[PDB]
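Heavy-atom basis, side chains included; hydrogens, waters and symmetry copies ignored. To find a chain, count down the sequence lines: A is the first, B the second, and so on, and within it residues start at 1.
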Amino acid sequence: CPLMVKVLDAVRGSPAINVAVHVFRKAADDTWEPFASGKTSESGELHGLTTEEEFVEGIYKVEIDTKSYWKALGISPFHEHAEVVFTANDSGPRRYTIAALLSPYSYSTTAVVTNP
Amino acid sequence: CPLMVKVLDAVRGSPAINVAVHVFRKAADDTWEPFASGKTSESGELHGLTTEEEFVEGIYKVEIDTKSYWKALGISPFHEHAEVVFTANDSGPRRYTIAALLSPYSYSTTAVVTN
Amino acid sequence: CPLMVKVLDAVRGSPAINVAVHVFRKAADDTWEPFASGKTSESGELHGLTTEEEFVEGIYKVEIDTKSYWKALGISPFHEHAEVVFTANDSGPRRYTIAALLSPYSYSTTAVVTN
Amino acid sequence: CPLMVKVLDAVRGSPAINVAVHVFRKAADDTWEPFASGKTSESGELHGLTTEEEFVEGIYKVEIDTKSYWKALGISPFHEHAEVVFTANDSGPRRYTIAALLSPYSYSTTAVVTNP
Ligand SMILES: O=c1c(O)c(-c2ccc(O)c(O)c2)oc2cc(O)cc(O)c12
């Protein structure tokens, strides 16, 4: 898979399990079209969102549903979600890992981009 | 002003100056309506976006235009922008500071909510 | 004062108040000598650690006592402390702000170096 | 291995390769004794630092030599190194991953602790 999402919990020091993730792609008419979705595993990872064929050039938005995650743990967090918006594959196909580290009032995100 | 934005540059170890910031409020039909905007100052801060009277409870989106900032520095960035989406709550503290720490392929954001 | 420390709590969305901070300077024999210390204020800031006259070029270590902070909040933390080790440089800008963002199993730290 | 170190470069969006890492353990007399060392691989990971037998309870310091890393890339960075100081195995053996995300004037670090 050319797109993987990895989520960690900075309060517990653990993978963030069962986090819902929705991916969108900006359309020809400039709206956000649903592209893929899934939930993180026991390792905090979400594989198999898309294929090399389907993951064409475009502007993508990865929405990580952090509020639902925290609420299930009894925490009222600040953010509705974490959003990662980026152009993909504009210089040829790449492999993208979107990592996120979650706290109730803060998140970070970093991309690891590799070339096959 | 109940909403402040502060942006830092993790590559240069400096405030992120002249970064455009756009704030939106979610409308009843689920679209994002422009609410306020500005550019960060020499201290990386953006004050005066809104007022207590206007900043009512609701869902807000703060977009920090990071791609243009890195391009101006000659550095190839990953993200289109950094996005902070949150519900404003009256039972919460009175002042929201949205802070962001920027790198070309990473950002963090935190909320500091105080009286 | 050429050295300021600012600490934020990523769990509560607040300044980290009453956090002990110890600063050391590396001695000729490679040991760490106490240099300055204090506790963060209600704004999460620690001002007045040193003076321009005393803060000469050298290697400094700032230890932020995060474990005691989390224990006081009833939260089990990972680290003993957060540690920031750097060389102070006169050709650099005049004022160093060491900022830290704290979670129980994670921290970040950045330097904001300005005139 | 019960101790793994993973390092990412936030400027390039890549693993941080060939980063030197030194681990110390606080001694009976309260000094920092050398415990293990190594360098990160092409994946930004450092495996095989220690064994379950050797990794006893104690206070450990993981020093990631970030200044040397940045200087090799033509950057004069702020920090001498990133230091991660923690008590390990005080409630029985755990597996520890120490992750670090590096920028020239900033780093973050998070621990992922799991139970076997
Ligand atoms: O509000 C601030 C803030 O959130 C951070 C911060 C954010 C994320 C990080 O990862 C980090 O290391 C620092 O720094 C600051 C530095 C200042 O001088 C003033 C600030 O107001 C903040």
Count the heavy atoms belonging to other residues, nucleotides or ligands that lie under 6.0 Å from CZ of D:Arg12, then report whether that count exceeds 12.
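12 or below, so no.
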
From D:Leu8 CG over to B:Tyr105 OH, what is the distance, rounded to the nearest 0.5 angstrom?
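The OH atom of B:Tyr105 is 13.5 Å from CG of D:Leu8, to the nearest 0.5 Å.
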
Let me confirm one number: the CG-OG distance from D:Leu102 to B:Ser103, rounded to the nearest 0.5 Å.
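Answer rounded to 0.5 Å: 9.5 Å.
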
Top contributor to chain D contacts, counting heavy-atom pairs under 4.5 Å, from B:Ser106, B:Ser108, B:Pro77, B:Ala10
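Counting heavy-atom pairs under 4.5 Å, the top option is B:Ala10.
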
